[PDB]
Structure formats: C-alpha cells, structure tokens
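Okay, structure first, notes after.
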Ligand SMILES: COc1ccccc1CNc1ncc(C(=O)NCCCN2CCCC2=O)c(NC2CCCC2)n1
C-alpha cells in the first residue's frame, strides 16, 4: 500500500483530516448540486487509480471517504452488489456498485440507504428489480443507477464514471 494519488488517502499512521469523513460531514450539514458532484469526481479519480493497480476496495462508502482542509475528498450489506451478497464475489464491478450507493448518500446528504429495510431483505428486495429511489430533487440519478445493473459487465468503469461526472459542468 505505497499508493500515491491526491484522491487516495496517504499512508504516513494516517494524515489528520480537519473536516472529518464525508458521511459525518454531509450529516453535519443536514442536521449545492455543484459541490456534491465535485465530491463524486474526486472519489471517482481516487477509485480509477486504485482499480488501475488492481486494488479491489470492498467497502467503499461515504463514511470511508475523507475531506482534507482544501476540501478535496480522498478515498480511505447496504453497499454490496448482488453478486457480492449471493456469491461473495468482489471485483471492480462491485466496487462500482458501492460508488453508486455513495453517489446516493451524497445526494441524500448521508441517509442510510434503504432506510426502512432490514439488512436481511435487501437481496430479496434487489432481485425484485428494485433500487434506491431518485431522491426528492436530484438531476445524476441515471449514472448511479447504471452502477447497480444486475449484470456487472454493464456497470460503467471508474474512468467512464469520472468523465460523465466531470462532463456534467
Ligand atoms: C479513518 O482514518 C483515516 C483514513 C484516511 C485518512 C485519515 C484518516 C484518519 N485521520 C483523521 N483525521 C481527522 C479526523 C477527524 O475526526 N477530524 C475532525 C472532524 C470533525 N468534523 C465532523 C463533521 C465536520 C467536522 O469538522 C478523523 N476522524 C475519523 C474518521 C471517521 C471518524 C473518525 N480521522
């Protein structure tokens, strides 16, 4: 883990991050569409770097992304792909799933995905063709929705995700 990218947490023994994790942060602010999308580009650059080095993360979520003082985000069952729950299969494609849900957390400013649903009924709930809902006023919903295709080969790579997100400006 001698990785070095500005959207991947350095190994120093971790740096001190003035503004906390992105989850607690987004939660402080609830209790603009333009700052949230920048959050998403960051995590996507971070994730592009890791998967290029064939590092499979396995626990991507807002809680595990960190805001530095400059306010860039760096990357450090409710997030798990169909195939990770059913077959304990973890890949770039399930990491892409998790990002999808992180994209949703951001847009809900830190809501527990599938809030009124138990851990145990998410699978059943996901094979039903059901996904996380488009949050009240959200443009973006389409990209995160691709990230949760049943066929992991239809989920867009982190390079595509970043571009669709960078593009959206
Ligand atoms: C999780 O560990 C890390 C991973 C990657 C880089 C750095 C670290 C650890 N560094 C670090 N530095 C400052 C903090 C830290 O707490 N900073 C103060 C943040 C307080 N908040 C929360 C809402 C707004 C605010 O300013 C921290 N917190 C851990 C992470 C999640 C909960 C507790 N952690």
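Since every read-out is calculated from the coordinates, none of them should be taken as a lab result. Cβ atoms come from the backbone with ideal geometry, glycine included; neighbour counts cover every protein chain shown.
Select from the range 58-81 the residues that are over 18 Å from residue 6 (Cβ atoms), assigned to a loop (DSSP other than H, G, I, E, B) and within 11 Å of the ligand (Cβ to nearest atom) and list them in ascending order.
Of everything in the range 58-81, nothing turns out to be over 18 Å from residue 6 (Cβ atoms), assigned to a loop (DSSP other than H, G, I, E, B) and within 11 Å of the ligand (Cβ to nearest atom).
Tally time: how many residues in the range 8-52 are more than 12 Å from residue 106 (Cβ to Cβ) and within 13 Å of the ligand (Cβ to nearest atom)?
Total meeting the criteria: 18.
Within the range 8-35, how many residues are surrounded by fewer than 16 Cβ atoms within 10 Å (Cβ to Cβ) and outside any loop (DSSP other than H, G, I, E, B)?
7
In this structure, is residue 5 surrounded by fewer than 19 Cβ atoms within 10 Å (Cβ to Cβ) and away from the ligand (no atom under 11 Å from the Cβ)?
When the stated conditions are applied, residue 5 passes them.
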